[PDB]
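Consider the single chain below, provided in structure tokens and representing the form deposited in one PDB entry.
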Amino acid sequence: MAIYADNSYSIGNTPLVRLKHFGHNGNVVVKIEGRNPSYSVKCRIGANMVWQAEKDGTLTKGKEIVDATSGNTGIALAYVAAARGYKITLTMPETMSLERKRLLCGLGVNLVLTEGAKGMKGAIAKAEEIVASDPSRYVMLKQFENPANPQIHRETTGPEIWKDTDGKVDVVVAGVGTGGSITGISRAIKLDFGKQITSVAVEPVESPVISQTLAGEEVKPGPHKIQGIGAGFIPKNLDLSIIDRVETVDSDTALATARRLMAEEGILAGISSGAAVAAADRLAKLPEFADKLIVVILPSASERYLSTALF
């Protein structure tokens, strides 16, 4: 009955755990997306972007996946490519955390390292350059704009939250990288299940481009340490229309918070999980949110961050 034909189908069904040392009388609950193949929420879009591209005919046997990503999406696409028998090339600055170069190499990824001083843009340039060499051979999935990103969250992540809270969820707090998570979850709960919850996007105070944009202020991205969020631009897969509130969190507090999750709750989450919880804790301690059930996405697990600043 419940046997997955390959690892890409085993995505999701991640659990909700109530926090004891955050929030007020258990109003803060976390969704542990570290409980996923490849250990992050991105396993969901890794799978669905491939599935959709197959259904569309844009991805077929023989064709190669090419994309730029220096985060969890590369690991997600790698495991999906391996599971379903696609060749994959990932471009990323030559400033990767070796372990990730090995993890990816171990997954069969053709690593193309670009110059670091170029950063992501360097890498995306090389990706598109490689796609240009034979557009018939290479397909780029484009996580920041590919609608299959938020769609998978609308079909799985959102419905899991609804079901596990028995529709009692009042607030969703999620860090924004591509925006896919908050977008899909919000669409699911507000539009499909019809409940007017509060959707809270989280971003680094160091690079608060969503806050600046919505305020009509000058957009000034900046460097930060909250891996997975703060892209420094507004991605196409962030639907600003469903965002009710934006909370900013600083890198040190995000880090301190992730450490508290481990030491105090026995929850092994990544830096961005600490950021999401710090924002949620702030809301949870406002009297306006006292009798509200707040669900916080924890995007990844902490062992992906041994030798960062977390440990």
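Whichever C-alpha set is largest while still superposing within 1.5 Å between the two forms counts as the rigid core. For every residue, the number given is its place in the sequence shown, counted from 1.
Omitted here: the form deposited in another entry. The next part is about that form.
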Looking at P93, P221, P147, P235 between the shown form and the other one with the core superposed, the single C-alpha displaced by 2 Å or more is at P93
Rigid core fitted, then: does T114 show a CA shift of 2 angstroms or greater between the shown form and the other one? yes
Did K168 shift 2 Å or more between the shown form and the other one, C-alpha, core superposed: no
With both forms fitted on the core, check whether the Cα of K195 differs by 2 Å or more between the shown form and the other one. no
